[PDB]
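Source file: start10.cif; contents: mmCIF, C-alpha atoms.
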data_final
loop_
_atom_site.group_PDB
_atom_site.id
_atom_site.type_symbol
_atom_site.label_atom_id
_atom_site.label_comp_id
_atom_site.auth_asym_id
_atom_site.auth_seq_id
_atom_site.Cartn_x
_atom_site.Cartn_y
_atom_site.Cartn_z
ATOM 1 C CA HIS A 342 -13.250 4.528 17.239
ATOM 2 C CA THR A 343 -13.716 1.420 15.105
ATOM 3 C CA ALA A 344 -15.432 3.403 12.349
ATOM 4 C CA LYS A 345 -12.781 6.123 12.239
ATOM 5 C CA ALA A 346 -10.032 3.490 12.480
ATOM 6 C CA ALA A 347 -11.398 1.978 9.278
ATOM 7 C CA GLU A 348 -11.415 5.529 7.907
ATOM 8 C CA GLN A 349 -7.772 5.903 8.978
ATOM 9 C CA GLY A 350 -6.919 2.658 7.211
ATOM 10 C CA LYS A 351 -8.461 4.195 4.104
ATOM 11 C CA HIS A 352 -6.041 7.121 4.201
ATOM 12 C CA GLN A 353 -3.171 4.782 5.068
ATOM 13 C CA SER A 354 -3.908 2.984 1.801
ATOM 14 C CA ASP A 355 -3.993 6.432 0.196
ATOM 15 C CA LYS A 356 -0.494 7.076 1.545
ATOM 16 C CA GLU A 357 0.575 3.680 0.191
ATOM 17 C CA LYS A 358 -0.677 4.514 -3.296
ATOM 18 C CA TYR A 359 1.062 7.887 -3.022
ATOM 19 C CA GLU A 360 4.296 5.980 -2.402
ATOM 20 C CA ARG A 361 3.474 3.877 -5.457
ATOM 21 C CA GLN A 362 2.941 6.976 -7.610
ATOM 22 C CA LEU A 363 6.210 8.553 -6.466
ATOM 23 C CA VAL A 364 8.257 5.378 -6.981
ATOM 24 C CA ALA A 365 6.732 4.666 -10.396
ATOM 25 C CA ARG A 366 7.334 8.249 -11.535
ATOM 26 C CA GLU A 367 10.947 8.329 -10.362
ATOM 27 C CA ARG A 368 11.823 4.951 -11.892
ATOM 28 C CA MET A 369 10.018 5.735 -15.155
ATOM 29 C CA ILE A 370 11.896 9.003 -15.633
ATOM 30 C CA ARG A 371 15.178 7.185 -14.953
ATOM 31 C CA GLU A 372 14.368 4.613 -17.638
ATOM 32 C CA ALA A 373 13.130 7.260 -20.090
ATOM 33 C CA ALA A 374 16.334 9.286 -19.698
ATOM 34 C CA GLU A 375 18.348 6.261 -20.829
ATOM 35 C CA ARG A 376 15.847 5.496 -23.602
ATOM 36 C CA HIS A 377 15.984 9.046 -25.004
ATOM 37 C CA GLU A 378 19.738 9.490 -24.344
ATOM 38 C CA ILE A 379 18.864 12.456 -22.120
ATOM 39 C CA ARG A 380 21.585 13.080 -19.546
ATOM 40 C CA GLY A 381 21.592 14.228 -15.934
ATOM 41 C CA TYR A 382 18.916 11.882 -14.543
ATOM 42 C CA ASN A 383 20.573 8.458 -14.237
ATOM 43 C CA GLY A 384 20.268 8.600 -10.448
ATOM 44 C CA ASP A 385 17.322 9.627 -8.205
ATOM 45 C CA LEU A 386 15.524 12.830 -9.301
ATOM 46 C CA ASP A 387 14.491 15.590 -6.851
ATOM 47 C CA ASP A 388 12.281 18.549 -7.961
ATOM 48 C CA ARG A 389 14.952 20.248 -10.270
ATOM 49 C CA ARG A 390 15.985 17.118 -12.180
ATOM 50 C CA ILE A 391 12.369 16.321 -13.084
ATOM 51 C CA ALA A 392 11.757 19.915 -14.194
ATOM 52 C CA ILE A 393 14.884 20.033 -16.367
ATOM 53 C CA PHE A 394 13.983 16.632 -17.834
ATOM 54 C CA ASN A 395 10.548 17.973 -18.782
ATOM 55 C CA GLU A 396 12.144 21.041 -20.367
ATOM 56 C CA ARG A 397 14.562 18.829 -22.304
ATOM 57 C CA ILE A 398 11.837 16.446 -23.508
ATOM 58 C CA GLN A 399 9.800 19.402 -24.774
ATOM 59 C CA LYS A 400 12.988 20.653 -26.442
ATOM 60 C CA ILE A 401 13.446 17.226 -28.057
ATOM 61 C CA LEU A 402 9.857 17.323 -29.321
ATOM 62 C CA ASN A 403 10.486 20.776 -30.802
ATOM 63 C CA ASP A 404 13.745 19.566 -32.372
ATOM 64 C CA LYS A 405 11.879 16.680 -34.003
ATOM 65 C CA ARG A 406 9.301 19.177 -35.274
ATOM 66 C CA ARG A 407 12.095 21.306 -36.754
ATOM 67 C CA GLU A 408 13.797 18.275 -38.319
ATOM 68 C CA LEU A 409 10.545 17.209 -39.978
ATOM 69 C CA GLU A 410 10.454 20.543 -41.825
ATOM 70 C CA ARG A 411 13.824 20.183 -43.562
ATOM 71 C CA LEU A 412 12.757 16.716 -44.706
ATOM 72 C CA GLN A 413 9.643 18.391 -46.134
ATOM 73 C CA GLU A 943 10.356 11.082 -41.659
ATOM 74 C CA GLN A 944 8.279 8.001 -40.856
ATOM 75 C CA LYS A 945 10.896 7.043 -38.273
ATOM 76 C CA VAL A 946 10.806 10.696 -37.198
ATOM 77 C CA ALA A 947 7.032 10.368 -36.810
ATOM 78 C CA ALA A 948 7.510 7.238 -34.693
ATOM 79 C CA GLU A 949 10.059 9.064 -32.530
ATOM 80 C CA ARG A 950 7.665 12.005 -32.132
ATOM 81 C CA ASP A 951 4.905 9.617 -31.053
ATOM 82 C CA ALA A 952 7.289 7.984 -28.570
ATOM 83 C CA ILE A 953 8.154 11.390 -27.104
ATOM 84 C CA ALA A 954 4.457 12.281 -26.872
ATOM 85 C CA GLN A 955 3.511 9.040 -25.119
ATOM 86 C CA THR A 956 6.453 9.332 -22.711
ATOM 87 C CA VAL A 957 5.397 12.908 -21.942
ATOM 88 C CA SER A 958 1.830 11.763 -21.254
ATOM 89 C CA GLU A 959 3.196 8.952 -19.073
ATOM 90 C CA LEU A 960 4.965 11.597 -17.018
ATOM 91 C CA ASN A 961 1.841 13.752 -17.123
ATOM 92 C CA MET A 962 -0.826 11.556 -15.570
ATOM 93 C CA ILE A 963 1.469 10.398 -12.754
ATOM 94 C CA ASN A 964 2.535 13.971 -11.986
ATOM 95 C CA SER A 965 -1.152 14.917 -11.993
ATOM 96 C CA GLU A 966 -1.896 12.115 -9.526
ATOM 97 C CA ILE A 967 0.917 13.247 -7.222
ATOM 98 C CA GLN A 968 -0.078 16.917 -7.309
ATOM 99 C CA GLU A 969 -3.747 16.026 -6.768
ATOM 100 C CA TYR A 970 -2.747 13.915 -3.764
ATOM 101 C CA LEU A 971 -0.888 16.959 -2.455
ATOM 102 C CA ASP A 972 -3.834 19.278 -3.184
ATOM 103 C CA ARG A 973 -6.410 17.809 -0.795
ATOM 104 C CA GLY A 974 -3.812 17.756 1.990
ATOM 105 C CA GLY A 975 -2.330 14.292 1.593
ATOM 106 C CA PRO A 976 0.238 13.850 4.359
ATOM 107 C CA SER A 977 -1.433 16.652 6.327
ATOM 108 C CA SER A 978 -4.706 14.712 6.202
ATOM 109 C CA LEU A 979 -2.861 11.560 7.278
ATOM 110 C CA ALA A 980 -1.282 13.389 10.221
ATOM 111 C CA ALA A 981 -4.648 14.823 11.261
ATOM 112 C CA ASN A 982 -6.187 11.347 11.068
ATOM 113 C CA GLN A 983 -3.371 9.846 13.154
ATOM 114 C CA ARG A 984 -3.659 12.572 15.799
ATOM 115 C CA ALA A 985 -7.303 11.651 16.358
ATOM 116 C CA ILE A 986 -6.333 7.964 16.537
ATOM 117 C CA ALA A 987 -3.778 8.646 19.271
ATOM 118 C CA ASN A 988 -6.134 10.967 21.154
ATOM 119 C CA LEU A 989 -9.054 8.540 21.113
ATOM 120 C CA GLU A 990 -6.822 5.660 22.189
ATOM 121 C CA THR A 991 -5.825 7.871 25.113
ATOM 122 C CA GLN A 992 -9.436 8.546 26.107
ATOM 123 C CA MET A 993 -10.423 4.877 25.890
ATOM 124 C CA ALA A 994 -7.418 3.910 28.014
ATOM 125 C CA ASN A 995 -8.406 6.527 30.597
ATOM 126 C CA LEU A 996 -12.039 5.398 30.465
ATOM 127 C CA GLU A 997 -11.083 1.763 31.030
ATOM 128 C CA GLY A 998 -8.945 2.789 33.995
ATOM 129 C CA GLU A 999 -11.858 4.777 35.407
ATOM 130 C CA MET A 1000 -14.082 1.739 34.924
ATOM 131 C CA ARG A 1001 -11.579 -0.319 36.903
ATOM 132 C CA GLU A 1002 -11.482 1.962 39.943
ATOM 133 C CA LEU A 1003 -15.242 2.539 39.773
ATOM 134 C CA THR A 1004 -15.803 -1.226 39.702
ATOM 135 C CA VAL A 1005 -13.576 -1.502 42.767
ATOM 136 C CA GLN A 1006 -15.593 1.229 44.493
ATOM 137 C CA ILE A 1007 -18.918 -0.437 43.653
ATOM 138 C CA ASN A 1008 -17.645 -3.764 44.976
ATOM 139 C CA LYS A 1009 -16.604 -1.957 48.156
ATOM 140 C CA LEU A 1010 -20.093 -0.440 48.401
ATOM 141 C CA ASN A 1011 -21.780 -3.835 48.044
ATOM 142 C CA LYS A 1012 -19.464 -5.286 50.682
ATOM 143 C CA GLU A 1013 -20.263 -2.275 52.860
ATOM 144 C CA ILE A 1014 -24.013 -2.900 52.648
ATOM 145 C CA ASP A 1015 -23.659 -6.636 53.283
ATOM 146 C CA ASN A 1016 -21.466 -5.898 56.293
ATOM 147 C CA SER A 1017 -23.700 -3.046 57.480
ATOM 148 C CA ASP A 1018 -26.595 -5.441 57.985
ATOM 149 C CA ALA A 1019 -24.483 -7.459 60.422
ATOM 150 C CA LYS A 1020 -23.195 -4.157 61.811
ATOM 151 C CA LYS A 1021 -26.704 -3.069 62.769
ATOM 152 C CA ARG A 1022 -27.056 -6.435 64.463
ATOM 153 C CA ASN A 1023 -23.646 -5.922 66.075
ATOM 154 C CA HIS B 342 -10.603 -6.322 14.873
ATOM 155 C CA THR B 343 -9.230 -2.783 14.675
ATOM 156 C CA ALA B 344 -6.591 -3.879 12.166
ATOM 157 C CA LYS B 345 -9.118 -5.910 10.155
ATOM 158 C CA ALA B 346 -11.461 -2.925 9.981
ATOM 159 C CA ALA B 347 -8.509 -0.841 8.781
ATOM 160 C CA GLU B 348 -7.755 -2.997 5.755
ATOM 161 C CA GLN B 349 -11.473 -3.448 5.112
ATOM 162 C CA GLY B 350 -11.738 0.328 4.923
ATOM 163 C CA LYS B 351 -8.869 0.208 2.442
ATOM 164 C CA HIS B 352 -10.757 -2.389 0.395
ATOM 165 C CA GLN B 353 -14.007 -0.416 0.517
ATOM 166 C CA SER B 354 -12.174 2.683 -0.708
ATOM 167 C CA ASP B 355 -10.719 0.494 -3.463
ATOM 168 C CA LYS B 356 -14.236 -0.535 -4.484
ATOM 169 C CA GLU B 357 -15.233 3.137 -4.374
ATOM 170 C CA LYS B 358 -12.457 4.166 -6.745
ATOM 171 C CA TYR B 359 -13.378 1.242 -9.003
ATOM 172 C CA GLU B 360 -16.880 2.722 -9.122
ATOM 173 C CA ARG B 361 -15.279 6.084 -9.914
ATOM 174 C CA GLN B 362 -13.355 4.489 -12.796
ATOM 175 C CA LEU B 363 -16.563 2.997 -14.199
ATOM 176 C CA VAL B 364 -18.335 6.362 -13.902
ATOM 177 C CA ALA B 365 -15.412 8.124 -15.592
ATOM 178 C CA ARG B 366 -15.488 5.654 -18.490
ATOM 179 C CA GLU B 367 -19.252 6.059 -18.911
ATOM 180 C CA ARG B 368 -18.884 9.849 -18.877
ATOM 181 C CA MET B 369 -15.915 9.874 -21.259
ATOM 182 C CA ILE B 370 -17.465 7.679 -23.955
ATOM 183 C CA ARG B 371 -20.398 10.063 -24.479
ATOM 184 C CA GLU B 372 -18.110 13.104 -24.674
ATOM 185 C CA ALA B 373 -15.786 11.368 -27.147
ATOM 186 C CA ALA B 374 -18.767 10.360 -29.300
ATOM 187 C CA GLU B 375 -19.516 13.993 -30.170
ATOM 188 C CA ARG B 376 -15.873 14.716 -31.009
ATOM 189 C CA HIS B 377 -15.553 11.602 -33.186
ATOM 190 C CA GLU B 378 -19.021 12.047 -34.771
ATOM 191 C CA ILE B 379 -19.967 8.439 -33.975
ATOM 192 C CA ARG B 380 -23.743 8.067 -33.905
ATOM 193 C CA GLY B 381 -25.623 6.256 -31.157
ATOM 194 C CA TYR B 382 -23.269 7.160 -28.293
ATOM 195 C CA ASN B 383 -23.941 10.859 -27.612
ATOM 196 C CA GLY B 384 -26.887 10.012 -25.361
ATOM 197 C CA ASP B 385 -27.225 7.557 -22.510
ATOM 198 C CA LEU B 386 -25.631 4.168 -23.129
ATOM 199 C CA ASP B 387 -24.773 0.895 -21.404
ATOM 200 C CA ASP B 388 -21.671 -1.292 -21.223
ATOM 201 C CA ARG B 389 -22.768 -3.233 -24.310
ATOM 202 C CA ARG B 390 -22.867 0.041 -26.231
ATOM 203 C CA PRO C 976 -15.329 -7.750 -5.119
ATOM 204 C CA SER C 977 -14.433 -11.273 -3.960
ATOM 205 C CA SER C 978 -11.621 -10.107 -1.671
ATOM 206 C CA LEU C 979 -13.713 -7.312 -0.149
ATOM 207 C CA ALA C 980 -16.607 -9.739 0.326
ATOM 208 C CA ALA C 981 -14.302 -12.171 2.123
ATOM 209 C CA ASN C 982 -12.982 -9.327 4.287
ATOM 210 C CA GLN C 983 -16.445 -8.150 5.332
ATOM 211 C CA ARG C 984 -17.527 -11.762 5.891
ATOM 212 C CA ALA C 985 -14.549 -12.270 8.201
ATOM 213 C CA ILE C 986 -15.415 -9.030 10.015
ATOM 214 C CA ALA C 987 -19.008 -10.180 10.488
ATOM 215 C CA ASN C 988 -17.832 -13.537 11.844
ATOM 216 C CA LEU C 989 -15.257 -11.910 14.124
ATOM 217 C CA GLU C 990 -17.855 -9.488 15.472
ATOM 218 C CA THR C 991 -20.073 -12.505 16.127
ATOM 219 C CA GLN C 992 -17.419 -14.119 18.311
ATOM 220 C CA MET C 993 -16.805 -10.717 19.913
ATOM 221 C CA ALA C 994 -20.446 -10.428 20.950
ATOM 222 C CA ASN C 995 -20.352 -14.027 22.185
ATOM 223 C CA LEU C 996 -17.197 -13.333 24.201
ATOM 224 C CA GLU C 997 -18.666 -10.167 25.708
ATOM 225 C CA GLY C 998 -21.812 -12.041 26.712
ATOM 226 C CA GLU C 999 -19.633 -14.697 28.320
ATOM 227 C CA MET C 1000 -17.758 -11.897 30.082
ATOM 228 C CA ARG C 1001 -20.969 -10.496 31.558
ATOM 229 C CA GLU C 1002 -22.184 -13.957 32.587
ATOM 230 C CA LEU C 1003 -18.873 -14.908 34.200
ATOM 231 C CA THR C 1004 -18.658 -11.498 35.884
ATOM 232 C CA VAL C 1005 -22.059 -12.125 37.455
ATOM 233 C CA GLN C 1006 -20.929 -15.612 38.473
ATOM 234 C CA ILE C 1007 -17.684 -14.288 39.972
ATOM 235 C CA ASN C 1008 -19.472 -11.580 41.950
ATOM 236 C CA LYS C 1009 -21.887 -14.236 43.198
ATOM 237 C CA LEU C 1010 -18.920 -16.444 44.108
ATOM 238 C CA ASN C 1011 -17.196 -13.691 46.093
ATOM 239 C CA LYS C 1012 -20.430 -12.886 47.914
ATOM 240 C CA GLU C 1013 -20.823 -16.604 48.611
ATOM 241 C CA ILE C 1014 -17.265 -16.756 49.952
ATOM 242 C CA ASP C 1015 -17.875 -13.911 52.397
ATOM 243 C CA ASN C 1016 -21.258 -15.360 53.336
ATOM 244 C CA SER C 1017 -19.716 -18.791 53.971
ATOM 245 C CA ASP C 1018 -17.016 -17.192 56.108
ATOM 246 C CA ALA C 1019 -19.912 -15.912 58.202
ATOM 247 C CA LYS C 1020 -21.864 -19.172 57.922
ATOM 248 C CA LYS C 1021 -19.139 -21.356 59.414
ATOM 249 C CA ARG C 1022 -19.515 -19.367 62.627
ATOM 250 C CA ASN C 1023 -23.288 -19.336 62.095
#
For this file, write the structure as structure tokens.
Amino acid sequence: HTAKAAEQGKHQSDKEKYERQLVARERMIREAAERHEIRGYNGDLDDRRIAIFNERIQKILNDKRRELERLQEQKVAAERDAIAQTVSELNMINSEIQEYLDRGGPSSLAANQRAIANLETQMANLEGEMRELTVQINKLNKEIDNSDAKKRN
Amino acid sequence: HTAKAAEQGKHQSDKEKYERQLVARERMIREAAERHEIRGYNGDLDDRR
Amino acid sequence: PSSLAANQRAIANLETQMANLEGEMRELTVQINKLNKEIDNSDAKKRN
């Protein structure tokens, strides 16, 4: 129980860092929408807002690529690099979140917690059994000690 | 004790992922050496290298 | 590594007091059983 409770703490920390990934991603996209003047994501983003933001940032990258051609720009190159680094910033955090989901994530946490609750139940039952068995053994010892005097009696 | 073991498991997993980060860096430097054509790093190397 | 080392050091210490406490529990359990037996025996021994 102690060993697997330490193991459960491990996955609890995993759940904590999953919270950290989600919060960092959601706040970073909110800030990047304002930075890039990309609308529709000022508030909290669910699955669709993030997807449309990714589509729009790729569209912005393509628009910068198109604009570079008619010039053919240094500020355009800096903007393109900013878009690329923002995209990568989205990318590794999204990869972390999806990888967390791949191995099971919350399902693994639930499975770990179920075993915690179960084992706590069996130890509680075992301690109770130890109590009544201790009572019975004490009764048996008293019975023997009495039974000596009972043979005399 | 149960709680303490829980956060110690957290800390041990943290050390484990730190080890994973070190291993990933050591693996990535050798692979990047071939792409960048930088001699002396394709093979085995240490933290000084 | 310093924080993890402190954590495992604290666990080792705590387990040390846990073993000490459990040993005290066994010793005092033996003493208490002896005391109860002595109480019943003395209840007989007043008459004796």
* To do: Excluding region 363-369 of chain B and residues on its chain fewer than 3 positions from it, collect all residues at most 12 Å away from it, counting only C-alpha atoms, and give them as a list in words.
  =>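 The residues that qualify are residues 356, 357, 358, 359, 360, 372, 373, 374, 375, 376, 382, 383, 384, 385, 386, 387, 388, 389 and 390 of chain B.
Applied to this file, the PyMOL selection byres ((chain C and resi 1012) around 12) selects the residues residues 1008, 1009, 1011, 1012, 1013, 1014, 1015 and 1016 of chain A; 1005, 1006, 1007, 1008, 1009, 1010, 1011, 1013, 1014, 1015, 1016, 1017, 1018, 1019 and 1020 of chain C.
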Answer key for the PyMOL selection byres ((chain C) within 12 of (chain B)), residues as a tab-separated table (two decimals) with C-alpha atoms, in the frame of the given file:
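Dumped to part.tsv:
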chain	number	residue	atom	x	y	z
C	976	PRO	CA	-15.33	-7.75	-5.12
C	977	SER	CA	-14.43	-11.27	-3.96
C	978	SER	CA	-11.62	-10.11	-1.67
C	979	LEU	CA	-13.71	-7.31	-0.15
C	980	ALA	CA	-16.61	-9.74	0.33
C	981	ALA	CA	-14.30	-12.17	2.12
C	982	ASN	CA	-12.98	-9.33	4.29
C	983	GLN	CA	-16.44	-8.15	5.33
C	984	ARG	CA	-17.53	-11.76	5.89
C	985	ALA	CA	-14.55	-12.27	8.20
C	986	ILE	CA	-15.42	-9.03	10.02
C	987	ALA	CA	-19.01	-10.18	10.49
C	988	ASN	CA	-17.83	-13.54	11.84
C	989	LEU	CA	-15.26	-11.91	14.12
C	990	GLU	CA	-17.86	-9.49	15.47
C	991	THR	CA	-20.07	-12.50	16.13
C	992	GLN	CA	-17.42	-14.12	18.31
C	993	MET	CA	-16.80	-10.72	19.91
* Work out how far CA of residue 977 (chain A) is from CA of residue 343 (chain A), in Å to one decimal. =>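 Value for the CA of residue 343 (chain A)-CA of residue 977 (chain A) distance: 21.4 Å.
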* To do: Write out as a list in words which residues come within 7 Å of region 349-359 of chain A when counting only C-alpha atoms, dropping same-chain ones fewer than 4 positions away.
  =>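 Everything that qualifies: residues 345, 363, 967, 979 and 982 of chain A; 347, 348, 350, 351 and 354 of chain B.
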